[PDB]
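One structure is given here, and the rest of the page talks about it.
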Amino acid sequence: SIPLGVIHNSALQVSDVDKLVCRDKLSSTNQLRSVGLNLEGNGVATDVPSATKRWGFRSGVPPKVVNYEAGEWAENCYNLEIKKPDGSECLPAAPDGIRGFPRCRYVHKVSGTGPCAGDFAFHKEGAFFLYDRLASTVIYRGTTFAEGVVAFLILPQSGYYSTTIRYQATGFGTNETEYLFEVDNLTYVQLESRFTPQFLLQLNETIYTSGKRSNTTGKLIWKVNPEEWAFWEXXXXXX
Amino acid sequence: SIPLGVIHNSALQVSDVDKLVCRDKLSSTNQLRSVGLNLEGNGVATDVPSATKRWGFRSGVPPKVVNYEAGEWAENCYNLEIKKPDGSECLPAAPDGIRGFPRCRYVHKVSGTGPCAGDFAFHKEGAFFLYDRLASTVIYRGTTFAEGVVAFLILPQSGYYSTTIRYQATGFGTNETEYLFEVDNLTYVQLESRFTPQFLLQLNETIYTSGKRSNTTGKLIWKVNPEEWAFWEXXXXXX
Amino acid sequence: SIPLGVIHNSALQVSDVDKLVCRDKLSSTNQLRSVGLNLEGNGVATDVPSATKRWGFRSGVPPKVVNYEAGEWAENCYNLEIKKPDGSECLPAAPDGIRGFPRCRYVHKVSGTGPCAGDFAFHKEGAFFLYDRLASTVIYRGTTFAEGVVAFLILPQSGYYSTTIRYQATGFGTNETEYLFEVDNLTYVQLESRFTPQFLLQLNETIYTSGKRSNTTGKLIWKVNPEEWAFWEXXXXXX
Amino acid sequence: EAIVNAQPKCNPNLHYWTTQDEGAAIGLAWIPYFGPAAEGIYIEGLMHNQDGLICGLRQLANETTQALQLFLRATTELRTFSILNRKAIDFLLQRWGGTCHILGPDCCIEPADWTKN
Amino acid sequence: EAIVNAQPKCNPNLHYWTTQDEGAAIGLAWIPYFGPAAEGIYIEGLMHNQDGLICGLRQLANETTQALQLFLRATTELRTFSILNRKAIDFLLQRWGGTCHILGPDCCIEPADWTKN
Amino acid sequence: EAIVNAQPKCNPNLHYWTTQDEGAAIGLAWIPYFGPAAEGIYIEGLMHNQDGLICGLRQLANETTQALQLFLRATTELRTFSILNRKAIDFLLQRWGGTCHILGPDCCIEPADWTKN
Ligand SMILES: *[C@@H]1O[C@H](CO)[C@@H](O[C@@H]2O[C@H](CO)[C@@H](O[C@@H]3O[C@H](CO[C@H]4O[C@H](CO)[C@@H](O)[C@H](O)[C@@H]4O)[C@@H](O)[C@H](O[C@H]4O[C@H](CO)[C@@H](O)[C@H](O)[C@@H]4O)[C@@H]3O)[C@H](O)[C@H]2NC(C)=O)[C@H](O)[C@H]1NC(C)=O
Ligand SMILES: *[C@@H]1O[C@H](CO)[C@@H](O[C@@H]2O[C@H](CO)[C@@H](O[C@@H]3O[C@H](CO[C@H]4O[C@H](CO)[C@@H](O)[C@H](O)[C@@H]4O)[C@@H](O)[C@H](O[C@H]4O[C@H](CO)[C@@H](O)[C@H](O)[C@@H]4O)[C@@H]3O)[C@H](O)[C@H]2NC(C)=O)[C@H](O)[C@H]1NC(C)=O
Ligand SMILES: *[C@@H]1O[C@H](CO)[C@@H](O[C@@H]2O[C@H](CO)[C@@H](O[C@@H]3O[C@H](CO[C@H]4O[C@H](CO)[C@@H](O)[C@H](O)[C@@H]4O)[C@@H](O)[C@H](O[C@H]4O[C@H](CO)[C@@H](O)[C@H](O)[C@@H]4O)[C@@H]3O)[C@H](O)[C@H]2NC(C)=O)[C@H](O)[C@H]1NC(C)=O
Ligand SMILES: CC1(C)CN(C(=O)[C@@]23C[C@H]4C[C@@](C)(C2)C[C@](c2ccccc2)(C4)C3)CC[C@@H]1N
Ligand SMILES: CC1(C)CN(C(=O)[C@@]23C[C@H]4C[C@@](C)(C2)C[C@](c2ccccc2)(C4)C3)CC[C@@H]1N
Ligand SMILES: CC1(C)CN(C(=O)[C@@]23C[C@H]4C[C@@](C)(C2)C[C@](c2ccccc2)(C4)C3)CC[C@@H]1N
Ligand SMILES: *[C@@H]1O[C@H](CO)[C@@H](O)[C@H](O)[C@H]1NC(C)=O
Ligand SMILES: *[C@@H]1O[C@H](CO)[C@@H](O)[C@H](O)[C@H]1NC(C)=O
Ligand SMILES: *[C@@H]1O[C@H](CO)[C@@H](O)[C@H](O)[C@H]1NC(C)=O
Ligand SMILES: *[C@@H]1O[C@H](CO)[C@@H](O)[C@H](O)[C@H]1NC(C)=O
Ligand SMILES: *[C@@H]1O[C@H](CO)[C@@H](O)[C@H](O)[C@H]1NC(C)=O
Ligand SMILES: *[C@@H]1O[C@H](CO)[C@@H](O)[C@H](O)[C@H]1NC(C)=O
Ligand SMILES: *[C@@H]1O[C@H](CO)[C@@H](O)[C@H](O)[C@H]1NC(C)=O
Ligand SMILES: *[C@@H]1O[C@H](CO)[C@@H](O)[C@H](O)[C@H]1NC(C)=O
Ligand SMILES: *[C@@H]1O[C@H](CO)[C@@H](O)[C@H](O)[C@H]1NC(C)=O
Ligand SMILES: *[C@@H]1O[C@H](CO)[C@@H](O)[C@H](O)[C@H]1NC(C)=O
Ligand SMILES: *[C@@H]1O[C@H](CO)[C@@H](O)[C@H](O)[C@H]1NC(C)=O
Ligand SMILES: *[C@@H]1O[C@H](CO)[C@@H](O)[C@H](O)[C@H]1NC(C)=O
């Protein structure tokens, strides 16, 4: 049975079908609500290298979709444009009526290549990809999503700002994936898990204002010298 | 809450959720019915120039569809084939399982061009486009529909003849739209709101029998000298 | 009303809506089940020539699909790849989410041509085409299905081996259809209703082991001299 | 409240089409292969304005639109088929969603024939 | 009525496939990424003809067809998933759609343990 | 049972988005042609961790996943919209699926105001 959340004795609990409590009153379907909650709130690493490692390609499993009515504003979201080395798309186009997650402070747009040895991209930990009031078991191409899970429960009777951080990837979905933070189309910064979104934004801003962008036609890549808290509380060097 | 119609004291009423009346008996889902009613019955102008002015193009609003079980025979229906000046279709193809309105005495088939500054065509007054037991918020290409609204209620415990009237349009969806009633592929009559369907039919018949059709290879257009009741109760001149 | 099966007095019965029996307890939706049962179990002929004669092409009737939760292992299943003489496909591609019947001992794959004077293939006796937990009124191209019917009821409170038998057909869907059992791409055996699946398998095996296959580049066809029980209880001659 | 017709006009007669509730067909007309085409599956009827129902319906539908539209804005379902079933479930929850207090105003239990016992 | 089997034959045994009702998987088999493919999500069972149920089922399904087909003709839904839920709602409306008259034939309320009080 | 939060962390505050329940729009905002675009149909809210609800929710959702996934494996429906309605139907069947024995533990009928009569 799918668990159902109910407030008993000033605390949330999972209601057991093998127990009829006449005190609970379900007077209308308005009391029933489905809720989507982001993995961000459980403390999972949200950097692109860590987040991507939780997804993987698989075949033989039909995709599935379930709706939810309310969601949580997300600090980190992801948007994937992955192709095979021969240029064929690695992810399916978003089905009709599936839009991106409606509230993202940072959208990590990742573009690159990988083997993609599987018909669909699934969450290796069983979580869901959260879209606009629809949660899917698989990733859709170029569609913003958040990692999350769904709960069902019985109720008792500043503005929005979004910023897009762009990445380039090679070997997507393997244990030798490489990531670059994109400053412009010819300037890139080597990326690791330590890099927070605001840190990347300030890196980009100082690179722009300090002229460290590529003033040539070639690709310029920056590696940075060093130079565990949750958010709610031609190569060269930069030291 | 969506209103629900119920018969109380020999009169239809909207039932209030904040009122439990034990007298009403809902013994099966067969007592619940959804109904589609045409704007025609409320007295709206049904001529093509008037009807088209109630529709307009808009983007950013996903289309929505809701079913209804019973409908009303319509005097006037509409079927649109609109393209942009560059030939691209202005309306989307009918989705699978959406057929035209099943009962139309006159189908006003309009073909022409317009800017179509919007991804979908909506009803400017919030009404619905009625198809075969499906009501949509947007117009589908080449599919017969009637303007109407939907009601929900709780029940207490000659033949069919259709005629197609063809029109040509320019500047569709603007305040300078021009319409021509088509007699044949080379004979047209300037159209205004005063023209009723039967009047157009008799105009066509007398034009055919009087030889006023184009006996040349060119386009011949007729403007007519003059020469408020509801239905249920190369240019030249014609005077 | 759709009949509902219920166990009364140690026997299955169809429950009448015009009869309220308080003894029956429906404590959860888990007690309600939809079931698919194969025509095989009613004793219908399952040979390809007999089975195909129960299907026919028709237009103007929209296809319909209904789900069922449990099914019966089938001895005989069918998989059709039919084209018109001009090469256009005779059957529609399987819609998204419709997979073949999950349990078939023998899959009769038929490939050939016919007039197909109809937009869809229906069951002439009103039965259903059973797919993976979905029953359709029409046949889908290249998708394995079984003939069956659906029942609805209220519950009271070795391994899997599949073999594919390939056929070639001409004049599919007419009263002059011709069928060939395929041994290889150049060896064929004339087929009639008398041929059971195991008989065809042993014919193929003995043809292979006896060298009766075509040792040339041409098509070799075998007609067999003769040489009513249910399963659960360049031409030449072979005599 | 009560339905007040505020339309410029009202066609008092209702020429309606619908689909039959089952209606066991004559012979083999129920088989889709032999049955009628999509265009010939409709029954027709005529209803007059007794009790002023027709006109009321026309107002009711008009008055429904707003609410319906808002619902359709909030749903991600492309085609909505469940409004009436949800309303039936709400009908049952209104009466039997909680414990029934006999003789209470929100309990539809009549101990009349039990009172005379 | 009662179900009378009028078929030429009846396979009295029922080798059936279905999907498990939940069935908490061993370890990580519940994750779609690690779980079985579409072909290996089925459980199997064998049921004999006790109480003549199997044969009856075969007749029941046959007898259902007509009604089912007519339903599918009237619906605009491409895929129908709601028959059983509608039947459950109808089950509840049959008993509790109106006021319950205690001791009445259409009221499923038993004041037995309340009678002995 | 009771919900035990076993996550490495818990954001105690919940900045949530959803869609309004009806909410009769100001003037003509309800017409789709004039209404907001898909991006501007959301209302926002902030909820703190009173009664420890937020953290509990985070655990509840986590704990739901397995069961939900298994359900989605067994269904052939591409998009499932019916979980909550099925749960409401199950709520009604739990209480009123059979005859109600007054004073019984599985019957939600209170003859209190009828007792004092
Ligand atoms: C509901 O909430 C619970 C609790 O938060 C979540 O539990 C997590 O479950 C996943 C797997 O389902 C766990 O991930 C696995 O960890 C194993 C050991 O952990 C390593 O990492 C930790 C740091 O987190 C170290 O302390 C430890 O020493 C280990 O080094 C790994 O062995 C597993 O490896 C598998 O995947 C990798 C990655 O591809 C492969 O290389 C391996 O071959 C192997 O297949 C796996 O990574 C995770 O640790 C659990 N977290 C906690 C806190 O317990 C649930 O996932 C959550 N449910 C949902 C649906 O979200
Ligand atoms: C339910 O039933 C009611 C009542 O029948 C319908 O009400 C109609 O609502 C629409 C708008 O929602 C009204 O149309 C508007 O009329 C305004 C004034 O009316 C002009 O026309 C009338 C003749 O009908 C004159 O008497 C009057 O003096 C005005 O000249 C207009 O100002 C509005 O203009 C807007 O649209 C135009 C057209 O593009 C633009 O050019 C403007 O800039 C502006 O945006 C508008 O046309 C209509 O009058 C109402 N009718 C009645 C009888 O009250 C509901 O629509 C109906 N609900 C549904 C869902 O169908
Ligand atoms: C539920 O269960 C019942 C009983 O098992 C099934 O009933 C069958 O219904 C079909 C038609 O719906 C019957 O088929 C028809 O048979 C007629 C006469 O039968 C001939 O064949 C029998 C041998 O079975 C001979 O004994 C007899 O003398 C006849 O020679 C035919 O005349 C019909 O012909 C029509 O189709 C053919 C084929 O294309 C055309 O050439 C004709 O012009 C004509 O249109 C038809 O074939 C069948 O006999 C019934 N069986 C039984 C045992 O009664 C139901 O079908 C089943 N329901 C579902 C949904 O499966
Ligand atoms: C938004 C509403 C109009 C509808 N409801 C609701 O969706 C929440 C309102 C709050 C309390 C809920 C129990 C119910 C959970 C809640 C939620 C949303 C997203 C993630 C997690 C939780 C927040 C949705 C109730 C009343 C509210 N005013
Ligand atoms: C067609 C039926 C078989 C089913 N019902 C119905 O659909 C209507 C029968 C009439 C009375 C209704 C209250 C119910 C409204 C009605 C309707 C149809 C279209 C537009 C407006 C109204 C007309 C449908 C009832 C019984 C009827 N004989
Ligand atoms: C598979 C289950 C987990 C769920 N049920 C069920 O589907 C059947 C279990 C058996 C008895 C049923 C009455 C119900 C009919 C049955 C069936 C399946 C296919 C064709 C015909 C009949 C067989 C499905 C019940 C309990 C079982 N253990
Ligand atoms: C990645 O996995 C493959 C699997 O065979 C292994 O050969 C390889 O050494 C691994 N590399 C890393 C970086 O762990
Ligand atoms: C960067 O490259 C992308 C991809 O080729 C291109 O669409 C975009 O216009 C480029 N931006 C600039 C500023 O050149
Ligand atoms: C990087 O900095 C420039 C200059 O301030 C700014 O225009 C640009 O949007 C920044 N890029 C990102 C991804 O923040
Ligand atoms: C010019 O190019 C050099 C080398 O790429 C780079 O370090 C510098 O930031 C660029 N801008 C200048 C010199 O203003
Ligand atoms: C149509 O509307 C446009 C909008 O700017 C206006 O310029 C024009 O004069 C209008 N024409 C008519 C015929 O009202
Ligand atoms: C009229 O024109 C249309 C569009 O080109 C064409 O399909 C049709 O056959 C023509 N009719 C006649 C009678 O020429
Ligand atoms: C116009 O009149 C001719 C001659 O009677 C007829 O054949 C044709 O169908 C008419 N056209 C329309 C649109 O009524
Ligand atoms: C011949 O052509 C003229 C001019 O187009 C037209 O008025 C007339 O009706 C046509 N038919 C005749 C002359 O019979
Ligand atoms: C097949 O049916 C057609 C229908 O007209 C008939 O002409 C023909 O003789 C039939 N042939 C056989 C083999 O029954
Ligand atoms: C037999 O023919 C089919 C169709 O052309 C082809 O796909 C297949 O490979 C052939 N098999 C052999 C063994 O040649
Ligand atoms: C026919 O026999 C050969 C040889 O035993 C075998 O490889 C082949 O699979 C058989 N074909 C069929 C359709 O059983
Ligand atoms: C050789 O060809 C002949 C004629 O097609 C055939 O009968 C025989 O089985 C084949 N195999 C042999 C001769 O070994």
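Every chain is numbered from 1, with letters handed out A, B, ... down the list of sequences.
- E:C107 has its SG atom within less than 2.5 Å of the SG atom of E:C100.
- The structure places SG of F:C108 at 11.5 Å from CH2 of D:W96, a figure rounded to the nearest 0.5 Å.
- Closest non-hydrogen pair, B:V6 versus B:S15, comes out as CG1-CB, 4.0 Å.
- Interatomic distance, CG of A:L155 versus CG of A:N30, reported as 9.0 Å (0.5 Å rounding).
- Using a 4.5 Å heavy-atom threshold, the side chains of F:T19 and F:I41 count as touching.
- Counting only distance, with no hydrogens or angles, the side chain of A:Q31 and the backbone of A:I154 share no donor-acceptor pair below 3.5 Å.
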Problem set entry | Stepwise side-chain hydrogen bond (donor to acceptor under 3.5 Å, both in side chains) check, A:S28 with D:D90 | CA-CA 5 Å; A:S28 82; D:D90 278 346; 4.9 Å; no
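- Looking at residues two or more places apart in sequence or on another chain, you find a side chain to side chain contact (heavy atoms under 4.5 Å, CB included) between E:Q69 and C:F128, C:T137, D:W30, D:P32, E:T65, E:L72.
- In terms of heavy atoms, E:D106 sits closest to C:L20 at O-CD2, 3.7 Å.
- In this structure, B:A70 and D:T18 approach most closely via the heavy-atom pair CB-OG1, 3.6 Å.
- E:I83 contributes atom CD1, which lies 11.0 Å from atom CG of C:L4 (distance to the nearest 0.5 angstrom).
- A heavy-atom distance below 4.5 Å is not found between the side chains of D:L70 and F:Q20.
- Remark: A:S34 pairs with A:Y68, A:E69, A:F152, F:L84 by the side chain to side chain contact (heavy atoms under 4.5 Å, CB included) rule, at least two apart or across chains.
- The shortest heavy-atom contact between B:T29 and E:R86 is OG1-NE, 3.0 Å.
- Under the 3.5 Å distance criterion, the side-chain polar atoms of E:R73 are left unmatched by any main-chain donor or acceptor of D:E22.
- Note: B:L37 CG to B:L130 CG = 8.5 Å, rounded to the nearest 0.5 Å.
- Put simply, the side chain of E:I109 does not reach to within 4.5 Å of the side chain of D:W114, judged on heavy atoms.
- Residues D:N85 and E:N85 fail the side-chain proximity criterion, which asks for heavy atoms closer than 4.5 Å.
- Taking both residues in full, the closest heavy atoms of B:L32 and D:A88 are given as CD1-CB, 3.7 Å, listed atom of the first, atom of the second, then distance.
- Side-chain N or O atoms of C:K64 include one that pairs as donor or acceptor with a backbone N or O of E:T75 at under 3.5 Å.
- Considering only residues two or more places apart in sequence or on other chains, E:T76 meets the side chain to side chain contact (heavy atoms under 4.5 Å, CB included) condition with B:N67, B:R99, B:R133, B:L134, D:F81.
- Atoms CD1 and OH, on D:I54 and D:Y16 in that order, are 9.5 Å from each other to the nearest 0.5 Å.
- Remark: side-chain polar atoms of B:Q13 are not paired, donor with acceptor, to backbone N or O of D:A2 under 3.5 angstrom.
- F:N117 has its side chain out of reach of D:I102: every pair of non-hydrogen atoms, C-beta onward, lies at least 4.5 Å apart.
- Once rounded to the nearest 0.5 Å, the distance linking CD1 of A:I7 with CG of F:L53 reads 5.0 Å.
- Nearest heavy atom pair, residue D:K87 against residue B:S1, reads NZ-OG, 4.3 Å.
- A 4.5 Å side-chain heavy-atom check between F:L60 and A:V14 finds at least one atom pair inside the cut-off.
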Exercise. Can you list the steps and then say if E:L92 with F:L93 is a side chain to side chain contact (heavy atoms under 4.5 Å, CB included)?
Worked result: CA-CA 8 Å; E:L92 291 162; F:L93 293 189; 3.4 Å; yes
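- Put simply, the side chain of D:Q94 gets close to the backbone of B:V17: a donor and an acceptor are under 3.5 Å apart.
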